[PDB]
Amino acid sequence: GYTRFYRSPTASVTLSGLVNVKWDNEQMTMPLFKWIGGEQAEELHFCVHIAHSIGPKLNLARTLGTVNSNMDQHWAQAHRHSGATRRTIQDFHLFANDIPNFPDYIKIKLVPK
């Protein structure tokens, strides 16, 4: 399922045991990804799905682009394949914290391709 990635510059999470996530910078305009799953024979690809909190079709996951098992040396932006793929985090990706005054989060998960 989805992992909460909090909108706090120090937030960092791991997705599916394979991919570490952090913010690009302090304005938190997008997440960055690094493969931490160790060596793969063939290159493996994953869609990074993201939930919407408001607006149309809330049960439909959107995509940030793809990450792969070769993004293992440097932090990477998701690789975008459509012009429709949002590059930056928007208000419609944000969920209010369970506890008032603590940060919002986005919901992201890896989907094998």
# chains A, B, ... in the order shown; residues from 1 in each chain; ligands from 1
$ residues_around --residues "residue 103 of chain A" --least-positions-apart "3" --cutoff "10 Å" --atoms "only C-alpha atoms" --output "VMD selection string"
chain A and resid 5 to 8 94 to 100
$ write_last_selection --atoms "N, CA and C atoms" --output "PDB file, in the first residue's frame"
ATOM      1  N   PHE A   5       4.623  10.145   2.920  1.00  0.00           N
ATOM      2  CA  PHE A   5       5.843  10.888   2.862  1.00  0.00           C
ATOM      3  C   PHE A   5       5.495  12.300   3.319  1.00  0.00           C
ATOM      4  N   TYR A   6       5.933  12.650   4.541  1.00  0.00           N
ATOM      5  CA  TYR A   6       5.595  13.914   5.202  1.00  0.00           C
ATOM      6  C   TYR A   6       6.313  15.037   4.593  1.00  0.00           C
ATOM      7  N   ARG A   7       5.594  16.150   4.548  1.00  0.00           N
ATOM      8  CA  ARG A   7       6.101  17.371   3.940  1.00  0.00           C
ATOM      9  C   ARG A   7       6.970  18.132   4.899  1.00  0.00           C
ATOM     10  N   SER A   8       8.007  17.485   5.386  1.00  0.00           N
ATOM     11  CA  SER A   8       8.934  18.115   6.278  1.00  0.00           C
ATOM     12  C   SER A   8      10.288  17.920   5.628  1.00  0.00           C
ATOM     13  N   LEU A  94      -1.865  16.645  -1.346  1.00  0.00           N
ATOM     14  CA  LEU A  94      -1.569  16.806   0.109  1.00  0.00           C
ATOM     15  C   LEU A  94      -2.688  16.347   1.028  1.00  0.00           C
ATOM     16  N   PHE A  95      -2.327  15.566   2.056  1.00  0.00           N
ATOM     17  CA  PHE A  95      -3.261  15.133   3.113  1.00  0.00           C
ATOM     18  C   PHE A  95      -2.908  15.792   4.450  1.00  0.00           C
ATOM     19  N   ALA A  96      -3.930  16.327   5.150  1.00  0.00           N
ATOM     20  CA  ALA A  96      -3.745  16.921   6.509  1.00  0.00           C
ATOM     21  C   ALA A  96      -3.248  15.874   7.462  1.00  0.00           C
ATOM     22  N   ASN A  97      -2.264  16.262   8.268  1.00  0.00           N
ATOM     23  CA  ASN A  97      -1.791  15.387   9.329  1.00  0.00           C
ATOM     24  C   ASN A  97      -2.929  14.914  10.254  1.00  0.00           C
ATOM     25  N   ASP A  98      -2.845  13.652  10.707  1.00  0.00           N
ATOM     26  CA  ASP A  98      -3.731  13.106  11.760  1.00  0.00           C
ATOM     27  C   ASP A  98      -3.768  14.011  13.019  1.00  0.00           C
ATOM     28  N   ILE A  99      -2.624  14.611  13.347  1.00  0.00           N
ATOM     29  CA  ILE A  99      -2.528  15.511  14.482  1.00  0.00           C
ATOM     30  C   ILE A  99      -2.362  16.928  13.978  1.00  0.00           C
ATOM     31  N   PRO A 100      -3.258  17.844  14.401  1.00  0.00           N
ATOM     32  CA  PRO A 100      -3.189  19.248  14.004  1.00  0.00           C
ATOM     33  C   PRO A 100      -1.828  19.861  14.192  1.00  0.00           C
TER      34      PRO A 100
END
$ residues_around --residues "residue 29 of chain A" --least-positions-apart "6" --cutoff "9 Å" --atoms "only C-alpha atoms" --output "ChimeraX atom specification"
/A:23,87-90
$ write_last_selection --atoms "N, CA, C and O atoms" --output "mmCIF file, in the first residue's frame"
data_model
loop_
_atom_site.group_PDB
_atom_site.id
_atom_site.type_symbol
_atom_site.label_atom_id
_atom_site.label_comp_id
_atom_site.auth_asym_id
_atom_site.auth_seq_id
_atom_site.Cartn_x
_atom_site.Cartn_y
_atom_site.Cartn_z
ATOM 1 N N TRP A 23 13.264 14.537 -0.066
ATOM 2 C CA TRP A 23 12.866 15.764 -0.785
ATOM 3 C C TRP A 23 14.055 16.337 -1.592
ATOM 4 O O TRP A 23 15.198 16.217 -1.184
ATOM 5 N N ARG A 87 5.292 17.158 -12.556
ATOM 6 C CA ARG A 87 6.672 17.104 -12.042
ATOM 7 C C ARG A 87 6.789 17.555 -10.582
ATOM 8 O O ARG A 87 7.650 17.108 -9.872
ATOM 9 N N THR A 88 5.890 18.422 -10.139
ATOM 10 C CA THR A 88 5.984 18.924 -8.783
ATOM 11 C C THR A 88 4.727 18.614 -7.986
ATOM 12 O O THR A 88 3.655 18.353 -8.556
ATOM 13 N N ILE A 89 4.912 18.581 -6.672
ATOM 14 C CA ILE A 89 3.849 18.348 -5.707
ATOM 15 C C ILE A 89 2.846 19.531 -5.698
ATOM 16 O O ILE A 89 3.236 20.688 -5.741
ATOM 17 N N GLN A 90 1.551 19.212 -5.723
ATOM 18 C CA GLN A 90 0.484 20.198 -5.766
ATOM 19 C C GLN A 90 -0.434 20.011 -4.547
ATOM 20 O O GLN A 90 -0.388 18.993 -3.891
#
$ closest_atom_pairs --of "segment 6-46 of chain A" --to "segment 65-85 of chain A" --cutoff "6 Å" --atoms "only C-alpha atoms" --output "JSON lines"
{"residue": "A:32", "atom": "CA", "partner": "A:77", "partner_atom": "CA", "distance": 5.1}
{"residue": "A:33", "atom": "CA", "partner": "A:76", "partner_atom": "CA", "distance": 5.0}
{"residue": "A:34", "atom": "CA", "partner": "A:75", "partner_atom": "CA", "distance": 5.1}
{"residue": "A:35", "atom": "CA", "partner": "A:72", "partner_atom": "CA", "distance": 4.5}
{"residue": "A:43", "atom": "CA", "partner": "A:69", "partner_atom": "CA", "distance": 5.7}
{"residue": "A:44", "atom": "CA", "partner": "A:69", "partner_atom": "CA", "distance": 5.2}
{"residue": "A:45", "atom": "CA", "partner": "A:68", "partner_atom": "CA", "distance": 4.5}
{"residue": "A:46", "atom": "CA", "partner": "A:67", "partner_atom": "CA", "distance": 5.4}
$ select_by_dssp --residues "chain A" --states "strand (DSSP E)" --output "ChimeraX atom specification"
/A:3-6,12-15,19-23,31-35,45-50,62-68,105-112
$ residues_around --residues "residue 53 of chain A" --least-positions-apart "4" --cutoff "12 Å" --atoms "only C-alpha atoms" --output "VMD selection string"
chain A and resid 57 to 62 90 to 96 104 to 107
$ atom_distance --atom1 "atom CA of residue 25 of chain A" --atom2 "atom CA of residue 38 of chain A"
25.9 Å
